[PDB]
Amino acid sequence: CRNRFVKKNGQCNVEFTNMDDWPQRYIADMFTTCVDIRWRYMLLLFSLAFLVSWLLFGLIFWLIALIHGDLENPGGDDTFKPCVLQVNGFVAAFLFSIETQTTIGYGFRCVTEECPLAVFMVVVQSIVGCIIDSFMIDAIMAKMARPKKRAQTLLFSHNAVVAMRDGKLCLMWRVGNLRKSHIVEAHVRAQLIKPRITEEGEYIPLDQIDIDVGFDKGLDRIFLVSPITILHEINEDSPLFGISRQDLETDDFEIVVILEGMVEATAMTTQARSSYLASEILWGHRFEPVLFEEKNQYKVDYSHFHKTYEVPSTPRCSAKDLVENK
């Protein structure tokens, strides 16, 4: 029943409220804010930064021309020389500004030697334009690179299963790579999520309890070429020790699964996520194989990635009762 902490696609279902002092923090941590806000708003924010600087300097060059009297004699002559040739109005001043900062510089409109202030504005604008260009480029460059996107081409199975492997009752789920490029330093985690009351009567809204998948022997570290089935041996130390098939079909909990590792190309860590409600766990099932031998290679059939099949010999009791008996 209880709605889920994290969805099948990995997105976490939690909203933060009464975080009143956030704008001051988001300002101090601005580069972070900027790479998170969605494309449309960023490209717009940087369009504004150009437009604003272009209009700003455009105005200054216009003022200089207004004061110097260039608007009445913009081409100059033998006696009179303007600060900037051909600034005859605001649009021309705007054009000169864009031409200068972009560094297009068609040159019909052109700064002269006459006005040290105009020369200074060209100096300052050039330097400002380099700074702004850097900021844009960077933000775009960072945002482009964001390795969270790699989780789209990493795949968890829709279902987890419980079944016997090598004499032990195990929780299992599957993970796969939809690319030729590897996930480097790849390793996995899992957590049981449920509310809990401590023996001292403390209510934990959602306690996160570790699901052991081999950390202590380094077996949480995986080298995934073809899809792999992750194993959680359900034993005395597991929080599913007393969970039988009957319990599972009526119980209310969640199992969050995580795959972390580096995108081979950029060597930046991504974190793929998914989840399994107690209802989505299939007792007495196993995954259908996807790897098979070829003439000169192996092949993975991703059509059979999510598919499972029942195993009647699977005990229906919990792992506690399975050992309590024998």
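In case it trips you up, residue 1 is the first one in the sequence shown, and so on.
In this crystal structure, the stretch out of 99 to 107 and 169 to 177 whose C-alpha atoms carry the higher mean B factor is 169 to 177. Stretches compared: 72 to 80, 218 to 226. Higher mean C-alpha B-factor in the entry: 72 to 80. Sorting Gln271, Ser53, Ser279, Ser275 by the CA temperature factor given in the entry leaves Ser279 at the top. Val124: CA B factor in the lowest third of modelled residues in this chain (values from the PDB entry). The deposited CA B-factor of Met164 belongs to the middle third of values across its chain. Annotation for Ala190: CA B-factor lies in the lowest third of the chain's modelled residues. Sorting the modelled residues of the chain by their CA temperature factor places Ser157 in the middle third. Ranked against the other modelled residues of its chain, the C-alpha B-factor of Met136 as given in the entry falls in the middle third.
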